[PDB]
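Engineer: Take a look at the following structure, please.
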Amino acid sequence: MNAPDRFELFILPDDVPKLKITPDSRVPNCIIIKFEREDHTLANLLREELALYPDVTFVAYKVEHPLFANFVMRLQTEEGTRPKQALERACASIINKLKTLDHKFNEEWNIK
Amino acid sequence: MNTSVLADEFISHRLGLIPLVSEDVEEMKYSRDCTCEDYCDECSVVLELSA
Amino acid sequence: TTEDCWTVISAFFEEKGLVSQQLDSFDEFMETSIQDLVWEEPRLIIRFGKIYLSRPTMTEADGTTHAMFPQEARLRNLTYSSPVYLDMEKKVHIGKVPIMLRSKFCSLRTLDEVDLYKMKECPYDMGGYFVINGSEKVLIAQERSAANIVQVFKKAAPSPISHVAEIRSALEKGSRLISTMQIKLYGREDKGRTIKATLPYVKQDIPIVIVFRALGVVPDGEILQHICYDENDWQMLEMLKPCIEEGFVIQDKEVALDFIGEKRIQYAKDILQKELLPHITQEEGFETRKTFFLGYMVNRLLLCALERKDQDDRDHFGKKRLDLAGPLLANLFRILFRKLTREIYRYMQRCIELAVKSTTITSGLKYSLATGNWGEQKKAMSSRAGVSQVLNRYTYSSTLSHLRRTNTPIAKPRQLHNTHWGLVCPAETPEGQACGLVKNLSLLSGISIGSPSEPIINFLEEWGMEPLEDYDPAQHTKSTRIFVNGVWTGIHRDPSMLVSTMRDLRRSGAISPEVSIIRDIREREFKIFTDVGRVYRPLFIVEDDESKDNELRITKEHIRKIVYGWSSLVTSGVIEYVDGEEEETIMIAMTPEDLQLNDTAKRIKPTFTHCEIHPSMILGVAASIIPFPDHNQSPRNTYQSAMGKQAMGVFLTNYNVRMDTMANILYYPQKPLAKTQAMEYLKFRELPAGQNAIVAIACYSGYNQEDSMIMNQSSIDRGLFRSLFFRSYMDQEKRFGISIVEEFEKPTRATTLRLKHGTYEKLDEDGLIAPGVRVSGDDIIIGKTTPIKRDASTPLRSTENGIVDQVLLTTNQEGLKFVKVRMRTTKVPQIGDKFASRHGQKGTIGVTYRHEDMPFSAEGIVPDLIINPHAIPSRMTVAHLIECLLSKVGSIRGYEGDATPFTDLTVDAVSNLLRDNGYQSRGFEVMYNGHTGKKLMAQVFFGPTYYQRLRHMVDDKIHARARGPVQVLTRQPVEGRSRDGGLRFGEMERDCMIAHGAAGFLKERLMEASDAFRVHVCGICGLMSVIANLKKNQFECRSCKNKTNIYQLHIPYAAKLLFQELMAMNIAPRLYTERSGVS
Amino acid sequence: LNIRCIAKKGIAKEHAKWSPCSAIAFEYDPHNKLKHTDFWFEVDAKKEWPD
Amino acid sequence: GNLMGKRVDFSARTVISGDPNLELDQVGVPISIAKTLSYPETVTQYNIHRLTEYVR
Amino acid sequence: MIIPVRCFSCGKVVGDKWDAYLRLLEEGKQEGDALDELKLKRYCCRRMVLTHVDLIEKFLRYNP
Amino acid sequence: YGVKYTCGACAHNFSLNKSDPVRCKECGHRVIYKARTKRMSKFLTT
Ligand SMILES: [Zn+2]
Ligand SMILES: [Zn+2]
Ligand SMILES: [Zn+2]
Ligand SMILES: [Zn+2]
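For the record, the sequence lines run as chains A, B, C, D, E, F and G.
To get our numbering, take the position in the first sequence, counting from 1, and add 6.
To get our numbering, take the position in the second sequence, counting from 1, and add 5.
To get our numbering, take the position in the third sequence, counting from 1, and add 14.
To get our numbering, take the position in the fourth sequence, counting from 1, and add 3.
To get our numbering, take the position in the fifth sequence, counting from 1, and add 365.
To get our numbering, take the position in the sixth sequence, counting from 1, and add 17.
To get our numbering, take the position in the seventh sequence, counting from 1, and add 1.
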């Protein structure tokens, strides 16, 4: 009756970006990234793999409001080091970890 | 046609949950994205039932 | 054993069924009663005889007279009534009497299983209701302080009267006059004390003394003979002294019958044979007896007025009766038949020398039963409204409750008296307004019907009963006096044997098990009640027949034996019907076993004459479904007792063929995981009222706060708590004696225009829609017109929508086109719909999460629902927590879980059984926060609990308006969301704003956002006269002749009317734009 | 009773009628060593809490 | 009943449910309702731009 | 009112187990065990059938 | 071929209009349902 159409939790509508990055004035070298159409599934995963990279000085996230499947992530790192890269790497590291996993899950499997 | 004691949308629901095959499920597109008005074989699977 | 008494109970319902009373009392009216009523005060200045009552018929134009049937009358909105004929003597049709479904005159009464299935009647339907104009009407029991009984009331310090005794009298069979006798007692318990009584038609009151001489006893001591039964009771006697002196002025029967203003004296007699204590009998040669009565009354009086006996308990249920269906059709009938009597008198008063329109007895009955106004019709609303309502059909247990409901006409009645034990359910009773004034009957309770007096009157005056007529209080000291239905039919010497013989005669069954016999040794008296309207319950007999020690008459042979109905279980002296009155002098044992070391866990437990069949039988439908009500705060049980009557499920099976307005069916039902042995008789397993939700009492998102609960979307998708919603719009093709008929078409144009807003394109040429059609917005559901071509077609209510499910056309008796339409709609639970368990734990949805977001347990298992722990501490409802545990076992163990009341099951016991299966002994399990996967620092009470989805879903309440349909009289908005209405801004809302000092805003409400209107006052006579022709400027205002000084103002139209009214009442509200009174 | 069904892709987000999972077990450190929880008990945790 | 307190237009009523992520003074309103209640706001060369979007 | 495809609580199918169940009752006289063998472990999927009230049967005795 | 209304008992496809009576091709029983649509109806599994 008043509930949106289910498929609005992942499909982006007419000109709208998945990612929105804003600079932080509060402190030097900091940003707040607005993620569209997402949740804890992908969020918490990025947050985690950042406290592994001892080059990240800060990494938190939050859900503005539960009705809308979105979330803001605020990250702050050391001097002259762009977070995006550490995000790429650790994200790639996930894929590598997963590439390995996949493989390691295939050989393991085969022995049945 | 439906002379069952169950209503239309009551049955509609039921069938929605029934598990269908999904082996080569990855190589298909949503009829909504398919450049065909509404749906088609290249984007949908039709089935019949008379009882 | 305990499990045995259950079989006894089983044996009971197999034969009598939940609605005995109703049918039994109906048949009693048909079969017998109805005759006795017509043959009493009949003959008119030509007699009447036996009456014929044929079966159901339908005299409709375009056909002969089709033998009508229930399931039809329902759909076609008719009347399940049949003809009544009577061979009058100086053959005739006289009114249609509405039969009661499932009774005796209803054909169903014989037909068997398959036979019925063929009659379309749902077997589970216990019937017992009437079917007036479609909807199923259920007559509701009406309680009333019994008649013919001795009472005594003290009357407050500020009053010329001290105490008073009353006695309501009415002929148990014959007219039933409603004139009460008042024997007051002026002079408070101090002041220098007369005794006066009130008689029908007597202006003032009369002093008892004269009443004795006026009867036929003029000398003293022959009078105290009747009053006092102990010459040595100086106290009592003293009081009387001042009184004798009062009447000392009248020394005989002449003046006695005189002073009551030869003509009057002759008339005096009359007033003694037709007015004075009219019950007992109005014959002639019985003067003596009443004298002994009038003595026994003034006695009972002082016995209290001397602080020896307390004031009579006004709410002692035992002295209250219940006019069921059968009885009602009497006092109502008389009022009618008496107008019928004097109606046939009018036809004879036109005959300056067939006619009897037998519809007045048909339509009269209808009026009442339709609305709820008993007393005739006419300019006579001076009846009682409430009687007969619109039988609930929300859920099965709802409908059930409604039939088993009792009312009670209006701080003390509302109380829950002791006497209510056994007979009425303590919890089930409406909240607010009338609360306790509406009682529901227990399971075992039943109402009397009407046995015979004589077969016991004889049985007395043929066993030791020396007639009252010749009594000597001193010669006969301890003569045990016996009363019969509030009458004194002489005394008796040693009664002990006389007693335990009649009662044994009854147990064999030769004097109906329904009569009541109470012996009040503590006063030496015997109460005998045959009456119709006495509530009674059943109890076990003990009897000491053991010449080898000290034991229950019933044995394991009676049990396994269960031509053996329940009537035999009574015809063998194994059970007795003990009413509230008789209860007073007996001693009842609770548990049969025990009442003829321990575990420090279980509940502490604390000559016998009777035993309780089983305590869990004192409940009625409502509480009967609540698991462990003896573990919750009682007032909570009382809530669920009402909310139950508002949940969803399945209320019948024929439902797919019912064209009733509003009806809900829960997509997938579910019998509870825990049950009462009694449920076995409530066919609940075949008609559940809810589902078993996988509860999890914990905090989470904080959306389960303040009695609001979180519901797992994922399973809401899997069809959890979905429900169909029906509705049935119906229409006819009205006519006029002046051949002008309406039409059922697809109207357009045609000189009139009078049509609706929505679309008609979805209307096939038959003027109807199809069952496939997806209707919405306002779309016309039916198409009708009135040629005088104005549309009268019905449009789907603006707020609704769904899909058509079945349309059907049909003829009417007046050969008119009857057409009903039914619309279906699936209702999905939404972030707002209300729900609740069986423990007053009602709550609505605050949000809905899915599987991931949801908390879960290592095993995998995940909750469907998450309610907050805060809804437990002050609600105190613990059984809920218990229902959960038990149900968590029966789930894992596969065995059905018994929840029945006082058994031998404890939390410590259950906990061990759950430890045998593998999971925590208390239920609790570990859970990982669905968002991070990390465990919860705490543990949760995760366990399956039953949950009913009560109606009251948001989309039936959500309403918003901004300048819509305005009322006519006021011109303000209209009431109800259904008519697109507007919310009231009542006093309390005003006030607040004024405190805030929101001056303007308030001024803007009451005017701009409602009423408002521009009126033109006159500068001279401050009135609303001015003829303001907004064009030619012309203003005027004759009578004060002005056209120059006129003012304009902005006031609420509502007010303008107020003034016109005031004007129309001759008061003159002058309005001045300038102050004139000065100071 | 005459029908005609049309099937499509979709996921569990869009509707429950999709997800092939249907219950999934998850546990770690059965013996609470990391102490990411504080066990409830009346006398003895180990005995009252099912292994 | 009609004068000291009357039914008024521009009003609405429904079912309440609390939200722990809404500022103290806020109040989440159902779309349906917002699409029903209006507010007479005069046209001004400062909000015309915003209004011209809202109108289309 | 017929059996619910997939259990609300967890999601596991339960459509097939109907005829199987009503048989392991009539003859083999089981509950707990039958279920256990039907592969219905945890109470979540479990409660669905054991709490199912097949109304459809009486409905089917109706004409249209 | 073709159908308008059916009967509650003698389920026989009828078809009528004004004044042409309101009964059935046998059974007096004046019920009659208003048979399905031709254009198939599409439903949602919600
Ligand atoms: Zn397509
Ligand atoms: Zn004037
Ligand atoms: Zn499950
Ligand atoms: Zn027919």
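Backbone N, C-alpha and C define an ideal beta-carbon position, used for all residues, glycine too.
Using a beta-carbon distance below 8 Å, is residue 1 of chain G in contact with chain C?
Structural biologist: Since the first residue of chain G shown is 2 and the last is 47, residue 1 of chain G is not available in this structure.
Engineer: Any chance you could list the residues with Cβ under 6 Å from a heavy atom of ligand 4, keeping chain order?
Structural biologist: G:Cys8, G:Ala10, G:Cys11, G:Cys25, G:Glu27, G:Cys28, G:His30
Engineer: With 16 other CB atoms within 10 Å as the buried threshold, where does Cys45 of chain B fall?
Structural biologist: Locating residue 45 of chain B in the second sequence gives position 40, where the first residue counts as 1. Exposed is the call here.
Engineer: Expressed to the nearest angstrom, what Euclidean distance is found between the alpha-carbon atoms of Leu20 of chain B and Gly786 of chain C?
Structural biologist: Taking the first residue of the second sequence as 1, we reach residue 20 of chain B at position 15. Taking the first residue of the third sequence as 1, we reach residue 786 of chain C at position 772. Distance between the alpha carbons of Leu20 of chain B and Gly786 of chain C: 20 Å.
Engineer: Hey, is residue 8 of chain C close to ligand 2, as in C-beta under 7 Å from one of its heavy atoms?
Structural biologist: Since the first and last residues shown for chain C are 15 and 1093, residue 8 of chain C lies out of range.
Engineer: With DSSP collapsed to three states, give me the class of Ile875 of chain C.
Structural biologist: The residue labelled residue 875 of chain C in the question sits at position 861 within the third sequence. In this structure, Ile875 of chain C counts as coil in the three-state DSSP scheme.
Engineer: Looking at the structure shown, is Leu368 of chain E part of a helix, part of a strand, or coil, going by DSSP?
Structural biologist: By 1-based counting over the fifth sequence, the position of residue 368 of chain E is 3. Coil at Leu368 of chain E, not helix or strand.
Engineer: Specify the secondary structure class of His1010 of chain C as computed by DSSP and reduced to three states.
Structural biologist: Counted from its first residue, the third sequence places residue 1010 of chain C at position 996. DSSP places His1010 of chain C in coil when its eight states are reduced to three.
Engineer: What residues match up with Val755 of chain C in a beta bridge as DSSP calls it?
Structural biologist: As a working note, residue 755 of chain C is residue 741 in the third sequence. None, per the DSSP bridge assignment.
Engineer: What's the gap between the Cα of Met79 of chain A and the Cα of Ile101 of chain A?
Structural biologist: If you number the first sequence from 1, residue 79 of chain A lands on position 73. If you number the first sequence from 1, residue 101 of chain A lands on position 95. When rounded, the distance between both Cα atoms is 21 Å.
Engineer: For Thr840 of chain C, decide whether its Cβ has a neighbour in chain B, counting only Cβ atoms nearer than 8 Å.
Structural biologist: Looking up residue 840 of chain C in the third sequence gives position 826. It does: the Cβ of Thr840 of chain C has a partner Cβ on chain B nearer than 8 Å.
Engineer: Rounding to the nearest angstrom, what Cα-Cα distance links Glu180 of chain C and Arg322 of chain C in this structure?
Structural biologist: Taking the first residue of the third sequence as position 1, residue 180 of chain C is located at position 166. Taking the first residue of the third sequence as position 1, residue 322 of chain C is located at position 308. Taking the straight line joining both Cα atoms gives about 19 Å.
Engineer: So which residues of chain F does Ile875 of chain C contact, with C-beta pairs closer than 8 Å?
Structural biologist: Translated into positions along the third sequence, residue 875 of chain C becomes position 861. Neighbours of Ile875 of chain C on chain F, chain order: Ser26, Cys27, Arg59, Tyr60, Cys61.
Engineer: Comparing alpha-carbon positions, which option in C:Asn678, C:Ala270, C:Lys685, C:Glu55 lies nearest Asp71 of chain F?
Structural biologist: Along the sixth sequence, read from residue 1 onward, the residue named residue 71 of chain F stands at position 54. Answer by Cα proximity: C:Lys685.
Engineer: Determine the DSSP secondary structure at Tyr131 of chain C, reduced to helix, strand or coil.
Structural biologist: Working through the third sequence from its first residue, we reach residue 131 of chain C at position 117. Three-state result, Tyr131 of chain C: helix.
Engineer: Which residues neighbour ligand 3 when neighbourhood means a C-beta less than 5 Å away from any of its non-hydrogen atoms? List them by chain order.
Structural biologist: The chain-ordered list of residues whose CB is nearer than 5 Å to some heavy atom of ligand 3 reads F:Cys24, F:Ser26, F:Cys27, F:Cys61, F:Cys62.
Engineer: Apart from the five residues just before and just after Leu343 of chain C, which ones in its own chain have a Cβ nearer than 6 Å to its Cβ?
Structural biologist: Stepping through the third sequence from its first residue, residue 343 of chain C is reached at position 329. Excluding sequence neighbours, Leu343 of chain C sits near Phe43.
Engineer: Looking at the structure shown, is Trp21 of chain D part of a helix, part of a strand, or coil, going by DSSP?
Structural biologist: One-based indexing of the fourth sequence puts residue 21 of chain D at position 18. In this structure, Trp21 of chain D counts as coil in the three-state DSSP scheme.
Engineer: Ignoring anything shorter than 3 residues or poking outside the region 110 to 172 of chain C, list the beta strand (DSSP E) runs there in chain order.
Structural biologist: 150 to 152, 155 to 159
Engineer: Could you name the residues of the region 795 to 824 of chain C whose beta carbon sits closer than 8 Å to any beta carbon of chain I, in the order they occur along the chain?
Structural biologist: In the structure shown, chain I does not exist; the protein chains are A, B, C, D, E, F and G.
Engineer: So which of C:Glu298, C:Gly908, C:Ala228 has the shortest CA-CA distance to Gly261 of chain C?
Structural biologist: Position 247 of the third sequence, counted from the start, is the residue given in the question as residue 261 of chain C. Among C:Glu298, C:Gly908, C:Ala228, the Cα nearest to that of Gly261 of chain C belongs to C:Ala228.
Engineer: Can you check which of these residues, C:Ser812, C:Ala885, C:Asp508, C:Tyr942, is closest to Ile875 of chain C by C-alpha distance?
Structural biologist: As a working note, residue 875 of chain C is residue 861 in the third sequence. Looking at the Cα atoms, C:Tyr942 is the closest of the given residues.
Engineer: How far does the beta strand (DSSP E) with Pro89 of chain A in it reach, from first residue to last?
Structural biologist: Along the first sequence, one-based indexing puts residue 89 of chain A at 83. Not the beta strand (DSSP E): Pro89 of chain A falls in the alpha helix (DSSP H), residues 89 to 116.
Engineer: How many angstroms separate the CA atom of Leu17 of chain G from the CA atom of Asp780 of chain C?
Structural biologist: Counting from one through the seventh sequence, the residue named residue 17 of chain G turns up at place 16. Counting from one through the third sequence, the residue named residue 780 of chain C turns up at place 766. Going from the Cα of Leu17 of chain G to the Cα of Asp780 of chain C covers about 9 Å.
Engineer: Considering only DSSP beta bridges, list what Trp502 of chain C is partnered with.
Structural biologist: Residue numbering aside, residue 502 of chain C sits at position 488 when the third sequence is read from its first letter. DSSP output for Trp502 of chain C lists C:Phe497 as bridge partner(s).
Engineer: I'd like to know if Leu37 of chain D contacts chain B, where contact means its C-beta is closer than 8 Å to some C-beta of that chain.
Structural biologist: Along the fourth sequence, read from residue 1 onward, the residue named residue 37 of chain D stands at position 34. No, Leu37 of chain D lies away from the interface with chain B (no Cβ there is under 8 Å from its Cβ).
Engineer: For the alpha helix (DSSP H) containing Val903 of chain C, list its first residue and its last residue.
Structural biologist: Residue mapping note: residue 903 of chain C aligns to position 889 of the third sequence, counting from 1. Segment 893 to 907, the alpha helix (DSSP H) holding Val903 of chain C.
Engineer: Could you round the C-beta distance between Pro112 of chain C and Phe144 of chain C to whole angstroms and report it? I think they count as a contact, below 8 Å.
Structural biologist: Indexing the third sequence from 1 puts residue 112 of chain C at position 98. Indexing the third sequence from 1 puts residue 144 of chain C at position 130. The pair is a contact, with the Cβ atoms about 5 Å apart (cut-off 8 Å).
Engineer: According to DSSP, is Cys257 of chain C helix, strand or coil?
Structural biologist: Position 243 of the third sequence, counting from 1, holds the residue named residue 257 of chain C. Helix at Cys257 of chain C.
Engineer: Of all the CB atoms in chain F, is at least one closer than 8 Å to the CB of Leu22 of chain B?
Structural biologist: Here residue 22 of chain B is taken as the residue at index 17 of the second sequence, counted from 1. For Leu22 of chain B, the answer is yes, since a Cβ of chain F falls inside 8 Å of its Cβ.
Engineer: For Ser722 of chain C and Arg965 of chain C, what's the separation of their Cα atoms in angstroms?
Structural biologist: Position 708 of the third sequence, counted from the start, is the residue given in the question as residue 722 of chain C. Position 951 of the third sequence, counted from the start, is the residue given in the question as residue 965 of chain C. Their backbone Cα atoms lie some 16 Å apart in a straight line.
Engineer: What residues in its chain sit with their C-beta under 7 Å from that of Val22 of chain A, if we drop five residues either side in the sequence?
Structural biologist: For the purposes of this step, residue 22 of chain A is taken as residue 16 along the first sequence, with counting starting at 1. Cβ neighbours of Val22 of chain A beyond the five flanking positions: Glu42.
Engineer: Measure the C-alpha to C-alpha separation of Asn50 of chain A and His945 of chain C and round it to an integer number of angstroms.
Structural biologist: If you number the first sequence from 1, residue 50 of chain A lands on position 44. If you number the third sequence from 1, residue 945 of chain C lands on position 931. Put simply, the backbone Cα of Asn50 of chain A is about 8 Å away from that of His945 of chain C.
Engineer: What are the boundary residues of the beta strand (DSSP E) that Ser96 of chain C is part of?
Structural biologist: Reading the third sequence from its first residue, position 82 is the one you call residue 96 of chain C. Where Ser96 of chain C is concerned, the enclosing beta strand (DSSP E) stretches over 95 to 100.
Engineer: Judging by CA-CA distance, which residue of A:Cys97, A:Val62, A:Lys105, A:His71 is the nearest neighbour of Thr87 of chain A?
Structural biologist: In the first sequence, the residue the question calls residue 87 of chain A occupies position 81. The candidate whose alpha carbon is nearest that of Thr87 of chain A is A:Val62.
Engineer: On the three-pair Cβ rule with 8 Å, is the region 573 to 590 of chain C touching the region 534 to 548 of chain C?
Structural biologist: no
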